[PDB]
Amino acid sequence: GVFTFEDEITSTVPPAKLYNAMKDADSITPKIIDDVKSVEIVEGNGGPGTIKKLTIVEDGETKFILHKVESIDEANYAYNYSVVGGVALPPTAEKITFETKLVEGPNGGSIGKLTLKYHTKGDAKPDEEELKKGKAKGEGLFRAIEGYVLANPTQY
């Protein structure tokens, strides 16, 4: 089946600035997030269909995660990707998609609309553990990119 979850987060950063920064996430996330060590493009031009390999060290163990870029809509401040291999993908799941969309806040800040879609193989049940881990990932990225912009005011 498909399980869909929707969430919102807020930032004082205007959406156009945040979105520019999101485009540099491969560069930014290893600096801010302790566990991420590198992000490498296995193949692709960074657009839809690109495959990325993330190298992380978790619990003193090196591991890898695979991402695939689904779609990009700059006019709409959206970036979509799916987890398609690695530890992040549970055995039951076909695929886990994270959609990120940025909207102007009422006060000029930003609202991040985060949608998580969990595709399960057959009738398998989604792991609660993964979802909990899942909601954090959607947030952490956003915070990572936000923190970086706030800490480097002149750059964006």
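C-alpha atoms forming the largest set that superposes within 1.5 Å between two forms make up the rigid core. A residue's number is simply how far along the shown sequence it sits, counting from 1.
Comparing 103-111 with 63-71 by root mean square Cα distance to the shown form in 8 other deposited structures of this protein, with the rigid core used for the fit, gives 103-111 as the more displaced stretch. Comparing 144-152 with 128-136 in 8 other deposited structures of this protein, after superposition on the rigid core, the stretch with the greater RMS C-alpha deviation is 128-136. Relative to its counterpart among 104-112 and 38-46, 104-112 has the higher mean temperature factor, C-alpha atoms as listed in the PDB entry. Taking the mean C-alpha B-factor of each stretch as recorded, 128-136 and 144-152 are not equal, and the higher mean is that of 128-136.
Comparing the C-alpha B-factors of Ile28, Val57, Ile96, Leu66 in the entry, the top value falls on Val57. Per the PDB record, residue ranking by Cα B-factor puts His119 in the middle third of the chain. Compared with the other modelled residues of the chain, the Cα B-factor recorded for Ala88 ranks in the middle third.
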